[PDB]
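Consider the single chain below, provided in structure tokens and representing the form deposited in one PDB entry.
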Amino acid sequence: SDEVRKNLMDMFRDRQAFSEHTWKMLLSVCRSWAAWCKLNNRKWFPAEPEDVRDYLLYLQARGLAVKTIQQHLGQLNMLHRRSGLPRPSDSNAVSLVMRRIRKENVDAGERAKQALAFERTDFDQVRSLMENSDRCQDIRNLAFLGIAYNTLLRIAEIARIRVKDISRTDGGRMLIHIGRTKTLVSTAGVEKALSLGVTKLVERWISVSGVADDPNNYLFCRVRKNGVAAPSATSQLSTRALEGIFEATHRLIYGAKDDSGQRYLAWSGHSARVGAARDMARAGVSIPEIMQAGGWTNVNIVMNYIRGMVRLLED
């Protein structure tokens, strides 16, 4: 069909309308789906409902998580819907098997996971250890951890900060302007206040690195084995390296991980959010304020992160 070829060419040509992560997973699912179709002598595009159902069961049988199985279906749905075609999910054979895959796996004990928490006590501990270091990598890392906990920003947002995005309060506290997040894409954006303590950690980093030479340099950059920073206004410190800082900091304090293979055995990119949430709840900060602080325009995710009547039952 011609319309399908054009609808597809129009999405491609304007791929920037979507996140590059959306594109990477579109292709990754398509490889995986194409691979399966090839094994089974099956036509991979206009995907056929029954073929998709079998493929999802196949993923279930490979022991994959329910949310990953949902990702595959989702990308397949998108590809078709934007092609002008009906979704696999528009057929009962696929909608029904997806429920089934969910209900069975859940009933077998499968559960989504959460980032191990990075809380105030952790930050205070890491800070008391590292704040005496004159190594430039230690000063960067402490400043990062501090921003992460303070703001609840996601690692991709922290990496996108440039020097010029940093303003100030009357009191001297740093304010960081954030344009794009996962949930919002506007020119207003949001602004994030830093405590005087975290502000100092950041100032010290700016001072030792020299990132403020260009207002367009990214606040965070790499540091090579000789403690010399490498500011850049066109390449950012990768979110993988930001993950590494979290992981290195955990290892510093707790040693090496298991060889179990499981995720979330050490701090990760989302550890400061899970932990700042818990800390606010524990401090009696209001449920709306917690939401305000970590960009959430609704309860739920906060609830999962925050999870004794016995107090009452006694006299």
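We call the rigid core whatever largest set of C-alpha positions still superposes within 1.5 Å between the two forms. One-based numbering along the sequence shown.
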Count class of deposited residues lacking coordinates, residue 308 to residue 309
1 to 3
Our gap detector needs a label for residue 307 to residue 308. Which class matches the unmodelled residues of the deposited sequence there: none, 1 to 3, 4 to 9, or 10 or more?
4 to 9
Comparing 240 to 248 with 109 to 117, the one whose average Cα B-factor in the PDB entry is higher
109 to 117
Averaged over C-alpha atoms, is the B-factor higher for 184 to 192 or for 223 to 231 in this PDB entry?
184 to 192
Taking the values straight from the PDB record, which of 35, 66, 26, 290 has the highest C-alpha temperature factor?
290
Cα B factor band for residue 167 (lowest, middle or highest third within the chain):
highest
Residue 122: C-alpha B-factor third of its chain, per the entry, is the lowest
For residue 281, does the deposited CA B-factor place it in the lowest, middle or highest third of the chain?
highest
Ranking every modelled residue in this chain by its Cα temperature factor as given in the entry, which third contains residue 177?
highest
Give the position of residue 85 by CA B-factor within its chain, expressed as the lowest, middle or highest third.
middle
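Below, we refer to the form deposited in another entry, which is not included among the displayed structures.
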C-alpha displacement of 2 Å or more between the shown form and the other one on the rigid core, among 216, 125, 133, 181:
181
Change in CA distance between residue 296 and residue 187 in the other form, which is 3 Å or more, as closer or farther
closer
Tell me whether residue 184 and residue 264 end up closer or farther apart in the other form, going by their C-alpha atoms; the shift is 3 Å or more.
farther
